[PDB]
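In what follows, a structure is listed as structure tokens, so that the remarks can point back to it.
2 protein chains.
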Amino acid sequence: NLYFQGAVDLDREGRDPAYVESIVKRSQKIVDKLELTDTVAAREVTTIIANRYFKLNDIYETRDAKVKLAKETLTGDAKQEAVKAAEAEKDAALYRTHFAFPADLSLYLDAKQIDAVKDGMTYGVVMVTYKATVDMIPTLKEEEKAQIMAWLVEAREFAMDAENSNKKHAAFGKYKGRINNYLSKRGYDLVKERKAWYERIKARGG
Amino acid sequence: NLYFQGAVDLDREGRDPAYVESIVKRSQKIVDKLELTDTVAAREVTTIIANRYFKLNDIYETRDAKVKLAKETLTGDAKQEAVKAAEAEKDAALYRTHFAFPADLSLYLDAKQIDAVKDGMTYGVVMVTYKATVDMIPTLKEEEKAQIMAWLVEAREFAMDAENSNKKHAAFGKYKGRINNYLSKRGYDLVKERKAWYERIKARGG
Ligand SMILES: [Cl-]
Ligand SMILES: [Cl-]
């Protein structure tokens, strides 16, 4: 499956060609899982995803340059304030660019397909985590399931903008922590549920 | 239709009661247009919307205090840099809180209803603008319509977070400018289309 640009320009200029190729291949792999039937649309979506990876890269490079300058020049509270300001500026750049991404995708993809792109950019952690949680506690109430999914989908919106795998898993981890705490406050004995789950996994040949 | 809090706490503490009442009434009016059939869900959604108005208010109050301090203490480039930093910090606060809002709404509302809330918070400018544009140029291509709608929906995502009516209309205005420029670059004679549209409006008794 050889990628070629379509109408959407690939933001390749001035970038290391091996990096560009790695991002395009990553992006192609996400698009493959959509099983699109319009080969031109598939190229366009590939480019849109790649360009978003590249722009995120640039945002984080900017942030890192500011933090490097702070490490070299500042200490104590002044240093922490400069790091805080760089992080706010990073989150601002994410805000300013976040909505254009599904806007652009929507020219080619429906809502379900756009969600599948989000999942592709975030290792499908939403459904892995949701399925595991309901496997662990099969009598969760519908409202508990709904809240758990809502938090995972929120986590995904942040994770898709994160810098790398480590930071993506940290974003999910925050909301997994929230889920854990939520269930314990709602009266579930998580030690007991988890122990019984492991027994069920063994009993079914997992 | 008297509002009463449900399970979601209204973020009322320390706020002027007339302001609280005004925001609750605004929020109730948005929810009324959803025509929900679960009266408890309607109260919860009312509270969620009101609480988002209140949090946006607080974000803008923070931003304004920083800009006031800059006006009182700084001039020239230093002043512009402090204003820039306050705006980045504001956009950061918007980013950090934006995704929780539809997450919370999703416990009560489907995707279509959530969009109707977004429209309610933004004076329905998306559909007014879209309908007017297709009325003005009825032979737009499907891809042009799609791009126009995508830009209006993007505009809405920013507008729903804006401070007031003036700033909401400015957010839409940016993307209306983009639409105007887009159509002229795609070969439409906007002077001619607009003139012929006005004739059609007159001919139909508008
Ligand atoms: Cl190419
Ligand atoms: Cl109340």
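Protein chains in written order, with this note's numbering: chain L, 177 to 382; chain Y, 177 to 382.
We treat Cβ as the ideally placed atom computed from N, Cα and C, and that holds for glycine.
Under 8 Å between C-beta atoms of residue i and residue j
i	j	result
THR305 (chain Y)	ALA335 (chain Y)	no
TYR351 (chain Y)	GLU330 (chain Y)	yes
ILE224 (chain L)	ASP187 (chain L)	no
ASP291 (chain L)	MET303 (chain L)	no
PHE275 (chain L)	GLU369 (chain Y)	no
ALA261 (chain Y)	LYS255 (chain Y)	no
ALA338 (chain Y)	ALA326 (chain Y)	no
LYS244 (chain Y)	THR273 (chain Y)	no
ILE206 (chain L)	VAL301 (chain L)	no
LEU283 (chain L)	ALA322 (chain Y)	yes
Status (buried if at least 16 other CB within 10 Å, exposed otherwise) for residue i
i	result
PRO314 (chain Y)	exposed
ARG228 (chain L)	buried
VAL216 (chain L)	exposed
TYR195 (chain L)	exposed
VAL367 (chain L)	exposed
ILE377 (chain Y)	exposed
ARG380 (chain Y)	exposed
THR222 (chain Y)	buried
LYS344 (chain Y)	buried
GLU211 (chain L)	exposed
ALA241 (chain Y)	exposed
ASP267 (chain L)	buried
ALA372 (chain Y)	exposed
Residue interval of the alpha helix (DSSP H) (run including residue i)
i	result
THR238 (chain L)	215 to 249
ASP311 (chain Y)	301 to 312
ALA346 (chain L)	341 to 361
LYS260 (chain Y)	252 to 274
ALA326 (chain L)	318 to 335
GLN204 (chain Y)	193 to 208
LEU366 (chain L)	366 to 379
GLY296 (chain L)	287 to 296
Distance, residue j Cα to residue i Cα
i	j	result
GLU318 (chain Y)	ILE324 (chain Y)	10 Å
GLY182 (chain Y)	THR213 (chain Y)	16 Å
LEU285 (chain Y)	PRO278 (chain L)	21 Å
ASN340 (chain L)	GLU265 (chain L)	18 Å
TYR271 (chain Y)	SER203 (chain L)	25 Å
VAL184 (chain L)	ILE199 (chain L)	16 Å
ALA269 (chain Y)	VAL310 (chain Y)	36 Å
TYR236 (chain L)	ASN357 (chain Y)	31 Å
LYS307 (chain Y)	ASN233 (chain Y)	31 Å
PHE180 (chain Y)	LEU328 (chain Y)	34 Å
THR238 (chain L)	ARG354 (chain Y)	27 Å
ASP192 (chain Y)	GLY252 (chain Y)	36 Å
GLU248 (chain L)	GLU189 (chain L)	30 Å
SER360 (chain L)	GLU220 (chain Y)	23 Å
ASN177 (chain Y)	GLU257 (chain L)	48 Å
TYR364 (chain Y)	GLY382 (chain Y)	24 Å
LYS209 (chain Y)	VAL259 (chain Y)	38 Å
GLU375 (chain L)	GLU263 (chain Y)	53 Å
residue 153 (chain L)	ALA226 (chain L)	It is not possible to answer for residue 153 (chain L), since the shown part of chain L is limited to 177 through 382.
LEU316 (chain L)	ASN342 (chain L)	30 Å
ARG362 (chain Y)	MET312 (chain Y)	15 Å
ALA218 (chain Y)	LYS201 (chain L)	47 Å
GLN289 (chain L)	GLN289 (chain Y)	20 Å
| query | Residues near ligand 1, CB to any non-hydrogen atom under 7 Å, in chain order? | reply | My final list is L:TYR179, L:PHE180, L:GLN181, L:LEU186.
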